[PDB]
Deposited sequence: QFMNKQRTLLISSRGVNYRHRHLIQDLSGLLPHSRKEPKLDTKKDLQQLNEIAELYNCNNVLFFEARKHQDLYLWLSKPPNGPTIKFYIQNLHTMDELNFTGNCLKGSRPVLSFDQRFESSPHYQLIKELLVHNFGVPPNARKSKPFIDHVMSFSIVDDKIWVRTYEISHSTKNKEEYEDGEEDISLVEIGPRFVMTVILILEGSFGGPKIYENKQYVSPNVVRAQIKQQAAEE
C-alpha cells in the first residue's frame, strides 16, 4: 500500500464566525481525510479523536466572535501547536478565480525558512500530515490540481491555495496568516516547550488601540 496514512479530526468551538464557518467548510472540502464533527476541558479532544479514530486534530477555537485560533495536535500523546489566525479570506470571495477538484491531492510548497529552527521544523512535519492529502485516501480524487503554500514572512506563516493552470497559477483561497503562540509537549496538556515572545493577543491589541 502506502506508508503515509492520515485521518484528521476537524472540529471547532461554539461561537465561530460566519467567516470562521466558511474556512472550516473550505478545509473540509480541501481535505478529504478530514472528519468534521459536532462542536466541542480541551483534553477531552483526545477521547473524541479516538471515537472517530483520528491521529491528528484540527481544532478551531473562536473567542469573542472575532478571534480565531487553530490548535493542531497528535492525539493522544502530543505535541500540540497553538496558532493565532489573522488576515482570513475564504475561497468564497470575489477575487479568487481559481477552482480545483474536491479531494484531489495537493502539492505542498514550504519556505526554506521552515528548516531554520526546531519549532519550525516540527510545525512543517505536522502541516504535511494535516494539509497534505494521504495516498490515496477515501474520498480522494486523482490528478494534481492545486498547491497549498507556506511562507515565513515577519515570522508569521502565510498560507495560500493556488489552482494549477495547464503552467501558471490562479488563487483559489482560502487565505490566512498564522502566528505560533505556543507548543505543548502533550496533546492539549503537558508542559509548554515553546513560546512566541513576539505574540500578543488581539484583545490586548484592541485595547492598546483604544488607549490611543
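- Residues of the deposited sequence lacking C-alpha coordinates fall in the stretches 41-44, 171-184, 231-234, numbered from 1.
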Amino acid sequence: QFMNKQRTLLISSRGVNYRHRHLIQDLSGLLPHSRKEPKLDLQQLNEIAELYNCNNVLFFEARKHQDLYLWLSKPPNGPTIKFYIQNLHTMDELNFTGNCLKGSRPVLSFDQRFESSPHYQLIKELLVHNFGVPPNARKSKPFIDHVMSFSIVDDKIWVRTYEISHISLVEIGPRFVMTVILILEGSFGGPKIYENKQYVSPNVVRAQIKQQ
From here on, numbers count along this sequence of modelled residues.
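- With 88-96 and 70-78 compared on mean CA B-factor from the PDB entry, the stretch scoring higher is 88-96.
- Note on 199-207 vs 14-22: mean CA B-factor is higher in 199-207.
- Of all the options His33, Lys64, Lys156, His146, the entry's greatest CA B-factor is assigned to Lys64.
- In the deposited coordinates, the residue among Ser109, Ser104, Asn130, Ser117 with the greatest CA B-factor is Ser117.
- Sorting the modelled residues of the chain by their CA temperature factor places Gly29 in the lowest third.
- When the modelled residues of the chain are ordered by C-alpha B-factor, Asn56 sits in the lowest third.
- Annotation for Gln1: CA B-factor lies in the highest third of the chain's modelled residues.
- Remark: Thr161 belongs to the lowest third of its chain, ranked by C-alpha B-factor as recorded.
- Ranked within its chain, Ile48 lands in the middle third, by CA B factor from the PDB record.
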